[PDB]
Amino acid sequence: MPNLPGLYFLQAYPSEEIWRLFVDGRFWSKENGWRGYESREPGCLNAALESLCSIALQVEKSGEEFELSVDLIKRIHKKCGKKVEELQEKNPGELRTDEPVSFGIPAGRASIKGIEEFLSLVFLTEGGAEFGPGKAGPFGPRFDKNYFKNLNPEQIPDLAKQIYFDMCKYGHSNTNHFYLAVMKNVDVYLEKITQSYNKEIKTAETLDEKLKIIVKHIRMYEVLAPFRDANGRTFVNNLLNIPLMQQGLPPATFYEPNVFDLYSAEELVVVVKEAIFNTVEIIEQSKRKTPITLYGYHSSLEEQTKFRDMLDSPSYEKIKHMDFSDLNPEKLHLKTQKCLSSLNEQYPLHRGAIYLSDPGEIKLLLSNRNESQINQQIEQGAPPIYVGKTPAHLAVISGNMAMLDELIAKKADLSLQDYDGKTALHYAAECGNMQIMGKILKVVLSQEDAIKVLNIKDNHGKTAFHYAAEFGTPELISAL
């Protein structure tokens, strides 16, 4: 009986696409896939892949059934810091004590049920964690209000609606709300979360119950930030993928993994399922030898060879040359297909705009859909990509020609601004897509308020053409 039956998918994951497990999908189009990610912290991608593979290999080899331990978490973090200069500074492998860890949270990484769960965390009140509106200051956040100071728990539901509304008022992608983590008993809290996980997992019978326990605890580990940095990589890109692979599910390819603080466990199950679905889509697209185009990104032969030359992960090679003969791929595939089915009947057009490429399937999806349905903007709680976006915004960010063509035919309002004040045009300019932009402009110029639509300003007071004029520009002090 295998320990991590899901390792099948880690091997099935194409070598030249392996970086997708660590690099947020949100970066792909704008940062040459993984290039922007590796450049901020050279070495990280090799370190993160080695961490995931070496530890997966540790648990698959042991006779004991997999149980969470702080030593394991500590090893994961040490492994994520190897060769990384940016992470050597804050000592990897060792825990935080009284060192402060603070960060800002925008509306786009939050939900009302998320904020309710967050304020309801007794270890946040007990540990003296801070949360509320303010500004970034000289020595950390300058809080106007701290919601954990004299928090009446009865008030939590209405306060969560107010905190969310306040966060939106500032801007979906703007940071007004700050979080200062616990500076006492982090070692006790890390052990208590570990204890809770190990105890609760044996309680869950269904796969969907196990997923809620898994995310519920990964969230508590993220919210408690036990290390100075590499908290995300350690818990969501590493730790999380092991119990997923223990259930025989693939690892998670995230668009925006930075939602484990202010999203609810139920909403995180969906976020994780969507991310498991991206691994399935990459693997299937690679099997059928179809160029992978997820999240509007088309890799170049130059990007692929550079990554292949940069790849150095001995434990990943061990997994790639590993035997899976006494493992049924069909049953494994059928289990994840059934697990993922929940994602099917939810925002059909939006998911269509992200995943659907066949014009016949697209034409059928958009048949008998009304004006409110085709112009629908998903509300708070759905995975971050959907929030405030129309099928048209999503079709533009995905490079979905066939969906955009169909939406134009169904007469979708291309002037609708998302929660960042951006139109389909703003995104076309940012992505650098000439065809999508030309297609929208033809529509815009065939209407009366053309000049008004072209001059629509987003949250940053920028026009689609400010973004177009800024497209491709380097991040270097260079003459040419």
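Don't overthink the numbering: it's just position in the shown sequence, from 1.
Relative to its counterpart among 64-72 and 424-432, 64-72 has the higher mean temperature factor, C-alpha atoms as listed in the PDB entry. When the C-alpha B-factors of 347-355 and 94-102 are averaged, 94-102 comes out higher. Reading the B-factor column for the CA atoms of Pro329, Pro391, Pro251, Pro257 in the entry, the top value corresponds to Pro329.
The top Cα temperature factor in the record, among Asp261, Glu317, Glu267, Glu274, falls on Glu317. Ranked by C-alpha B-factor against the other modelled residues of its chain, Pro291 falls in the highest third.
Annotation for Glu222: C-alpha temperature factor in the lowest third relative to the rest of the modelled chain, per the entry.
When the modelled residues of the chain are ordered by C-alpha B-factor, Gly25 sits in the lowest third. When the CA B factors of the chain's modelled residues are split into thirds, the value for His172 lands in the middle one. Placement of the Cα temperature factor of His321 within the chain: highest third of the modelled residues, per the deposited record.
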